[PDB]
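Trainee: give me coordinates for this.
(2 chains)
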Amino acid sequence: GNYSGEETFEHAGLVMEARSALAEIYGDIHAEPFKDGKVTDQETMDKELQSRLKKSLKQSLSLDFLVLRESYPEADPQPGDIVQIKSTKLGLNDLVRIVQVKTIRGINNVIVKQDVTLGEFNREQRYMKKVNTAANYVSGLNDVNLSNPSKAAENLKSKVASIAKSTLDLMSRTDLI
Amino acid sequence: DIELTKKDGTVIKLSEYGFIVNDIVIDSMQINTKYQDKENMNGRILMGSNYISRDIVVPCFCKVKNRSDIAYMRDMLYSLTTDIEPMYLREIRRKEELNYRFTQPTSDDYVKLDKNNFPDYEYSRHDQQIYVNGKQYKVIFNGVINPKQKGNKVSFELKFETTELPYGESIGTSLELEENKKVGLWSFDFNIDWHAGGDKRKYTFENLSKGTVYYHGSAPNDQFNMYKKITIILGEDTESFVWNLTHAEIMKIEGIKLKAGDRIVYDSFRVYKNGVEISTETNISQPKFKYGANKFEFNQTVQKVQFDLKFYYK
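Mentor: Residues are numbered from 1 along each chain as shown, chains lettered A, B, ... in the order given. Please find the structure below.
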């Protein structure tokens, strides 16, 4: 992450590999490395890296919540709060945070049921956002031509290599003088 | 007890065909509701409520002289009744439970017997049955089985059903009410004054901005499938033409220029400007006659209005 913008792999710029604590029993795997980066210091290069690690062993708890009104009224769920769940016969007593909540309210603003998701919002919604991002990023463009695509990209890339060839010629011809 | 059927191209009645009937029972109209229940509210909203179908039932049996003939007779029944072809059913009743009359056992004044082996209680002309009411029903058949009780007697259970609209379509227009030409087709179920040419019989007015109409039909003629058909000689030239009506909506004809002597045929949801080449873009609104007084109000004293329609019942 500190190599200059024009190098792209001559791996200057704080080459390093880190790993988490659980690695030693699972072993050698690794994700897509932090290739893109213009960051100087090394303090960053460990924080962002371990964040890339710990974001990936994902746990989504899309439980269901059911409101008790006559009893336990002080549980209006709100997103971005801490909560202590505990399911017996599951192996679970830790505390987590809400990431999604879904209220309904018929009339007099009385709640009927709640739905919530914890930690990461879902596996589901991640897929769906991926799809919709693909489908909206596409159709916002104008270069797309479904009949033989890549003309718009290959025209560009070949133009790029051609101007690089012309630049090579210019370099030789200038170093001549 | 004859169950008359007018089909597209013919008229039939069962008892003419050796087919007595036990009775006729006519269900009411199946009201399909459209409710919506609010989530936590002790009460549910009415989105709508609507008539659907008037299922008729008619069990008819038949006797013949020999066991073989049963087959023929049965086939006749099917070939005579089971018609997807929308037919017009007319009900018939008797005026009396007729008995055999007194006679004399002196080798004279013997009793008669019908073509079927039964005793003719119908001695005089005024004995036989009658079209109990001046209405019909647009009707289609549903499945039958034929249990054969003993001898030559076999029963059948016809299950008829309404076709288009669950209503008792009145036969004959309202102009036959106007011109007392056709006879029959007007039963006392319809509370109709004798004062022909008087009010509540007339649907032919002249030179009026506003007038009165008595729709004798209990059921409302809002549905277009009914034969509500108006025709008006407009009387006075204009560029726009509005007419209002009660138990219905307002009607405009704007954006097209007219003339006085030109006539409009105002069919259900449809407007012939001059009988053809329909100019029906202007304020698509259809009029609705509910029952009794249906007062209309034109705006420039049409020189003629007259409109025939059909009375429908529930």
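
Trainee: where does residue A:78 land in three-state SS?
Mentor: Assigned with DSSP: H, G, I helix; E, B strand; the rest coil, residue A:78 falls in the coil class.

Trainee: gap between it and residue A:70?
Mentor: Distance of residue A:78 to residue A:70, computed by Cβ to Cβ, to the nearest Å: 21 Å. For the C-beta atoms, the positions are set from N, CA and C on the backbone; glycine is no exception.

Trainee: who's more crowded, these two?
Mentor: residue A:78 (10 against 5; other Cβ atoms under 10 Å in any protein chain shown).

Trainee: the more buried one against residue A:100, yeah?
Mentor: No. Residue A:78 is beyond contact range of residue A:100, at 11.4 Å (criterion: Cβ atoms under 8 Å).

Trainee: look up how far chain A lies from the nearest residue to residue B:266 once chain neighbours are set aside.
Mentor: With sequence-adjacent residues excluded and distances taken as Cβ to Cβ, 6 or more residues apart in numbering or on different chains, residue B:266 is closest to residue B:230, at 4.1 Å. Per Cβ to the nearest Cβ, to the nearest Å, residue B:230 is found 47 Å from chain A.

Trainee: can you give me how far stretch A:169-177 is from the chain middle?
Mentor: Its chain's C-alpha centre and that of stretch A:169-177 lie 46 Å apart, by Cα atoms, centre = their mean, to the nearest Å.

Trainee: pull that stretch out as CSV, backbone CA atoms only.
Mentor: Extracted in CSV, the C-alpha atoms of stretch A:169-177 (Å, rounded to 0.1, in the frame of the first residue of the first chain):
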residue,chain,number,x,y,z
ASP,A,169,8.9,5.8,-30.2
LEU,A,170,8.9,9.3,-28.8
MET,A,171,11.1,8.3,-26.0
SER,A,172,13.7,6.7,-28.3
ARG,A,173,13.5,9.7,-30.7
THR,A,174,14.0,12.2,-27.9
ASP,A,175,16.8,10.3,-26.2
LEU,A,176,18.4,10.4,-29.7
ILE,A,177,18.5,14.2,-29.3
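
Trainee: and the residue nearest the centre of chain A?
Mentor: Geometric centre of chain A, nearest residue: residue A:55, 8.1 Å, by Cα atoms, centre = their mean.

Trainee: who's in contact with the closest residue to chain B within chain A?
Mentor: Using Cβ to the nearest Cβ, the single residue of chain A nearest to chain B is residue A:106, 4.0 Å away. Going by Cβ atoms under 8 Å, 6 or more residues apart in numbering or on different chains, residue A:106 touches A:112, B:38-41.

Trainee: so which of these is the closest to residue B:149?
Mentor: Closest to residue B:149 out of the contacts of residue A:106 is residue B:38 (55.0 Å), distances taken as Cβ to Cβ.

Trainee: what segments of the stretch 151-300 of chain B are helices?
Mentor: B:175-178 (DSSP state H, counting those that start in this stretch).

Trainee: check it for the residue nearest chain A and tell me.
Mentor: Closest point on the stretch 151-300 of chain B to chain A, by Cβ to the nearest Cβ, is residue B:249, at 33.8 Å.

Trainee: tell me the contacts of residue 57?
Mentor: In the absence of a named chain, chain A is used. Residue A:57 makes contacts with residue A:22, as judged by Cβ under 8 Å, 6+ apart.

Trainee: please refer instead to chain B.
Mentor: Here residue B:57 is in contact with B:24-27, B:157-160 (criterion: Cβ under 8 Å, 6+ apart).

Trainee: the same query, at a cut-off of 10 Å, please.
Mentor: Residues near residue B:57 by Cβ atoms under 10 Å, 6 or more residues apart in numbering or on different chains: B:23-27, B:142, B:157-161.

Trainee: bridging residues for it?
Mentor: Per DSSP bridges, the residues bridged to residue B:57 are residue B:25, residue B:159.

Trainee: phi and psi next, for residue A:161.
Mentor: Phi and psi for residue A:161, reported as degrees, to the nearest 10, are phi -70, psi -30.

Trainee: who's in contact with residue B:11?
Mentor: Contacts of residue B:11 (Cβ under 10 Å, 6+ apart): B:4-5, B:88, B:90.

Trainee: circling back to that earlier point, leaving out chain neighbours, which residue sits closest to the residue of the stretch 151-300 of chain B closest to chain A?
Mentor: In space, and not counting its chain neighbours, residue B:249 is closest to residue B:285: 4.9 Å by Cβ to Cβ, 6+ apart.

Trainee: returning to that earlier point: count the residues that sit near the residue of the stretch 151-300 of chain B closest to chain A.
Mentor: So residue B:249, with other Cβ under 10 Å, has 13 neighbours.

Trainee: equivalent analysis for residue B:283, please.
Mentor: Residue B:283, neighbours per other Cβ under 10 Å, totals 15.

Trainee: thinking again about what came up before, which among the contacts of residue A:106 gets closest to residue B:298?
Mentor: Of all these, residue B:298 sits closest to residue B:38, with 44.4 Å by Cβ to Cβ.

Trainee: quick check: the gap between that closest one and chain A.
Mentor: Taking Cβ to the nearest Cβ, one finds residue B:38 at 7 Å from chain A.

Trainee: my guess is that residue meets residue B:44, correct?
Mentor: Yes. Counting by Cβ atoms under 10 Å, residue B:38 touches residue B:44, with 6.7 Å between them.

Trainee: elements contacting the helix or strand that contains residue A:112?
Mentor: According to DSSP states H and E, residue A:112 maps onto strand A:111-119. Judged by 3 or more Cβ pairs under 10 Å, 6 or more residues apart in numbering or on different chains; DSSP states H and E, strand A:111-119 is in contact with strand A:60-61, strand A:64-65, strand A:95-105.

Trainee: make TSV from the ones you listed and add mean neighbour count to it.
Mentor: Listed next are the helices and strands packed on strand A:111-119 as TSV, based on neighbours: other Cβ atoms under 10 Å in any protein chain shown:
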stretch	mean neighbour count
strand A:60-61	16
strand A:64-65	12
strand A:95-105	14
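
Trainee: count the neighbours of the residue lying closest to residue B:111 once chain neighbours are set aside for me.
Mentor: Take residue B:111 and drop its neighbours on the chain: the residue closest to it by Cβ to Cβ, 6+ apart is residue B:119, 6.0 Å away. Residues lying near residue B:119 (other Cβ under 10 Å) number 11.

Trainee: go ahead and confirm residue B:119 touches residue B:103.
Mentor: No. Here residue B:119 lies out of contact with residue B:103, judged by Cβ under 10 Å, at a distance of 11.2 Å.

Trainee: which neighbours do those two share?
Mentor: With Cβ under 10 Å, 6+ apart as the test, residue B:119 and residue B:103 both reach residue B:111.

Trainee: tell me which parts of chain A are close to chain B?
Mentor: Residues of chain A lying close to chain B by Cβ under 10 Å from any Cβ of the partner chain are A:104-108, A:110, A:112.

Trainee: adding distance to residue B:216, write the helices and strands packed on strand A:111-119 out as TSV.
Mentor: Shown next, in TSV, are those (distance: least, Cβ to Cβ, whole Å):
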stretch	distance to residue B:216
strand A:60-61	70
strand A:64-65	62
strand A:95-105	52
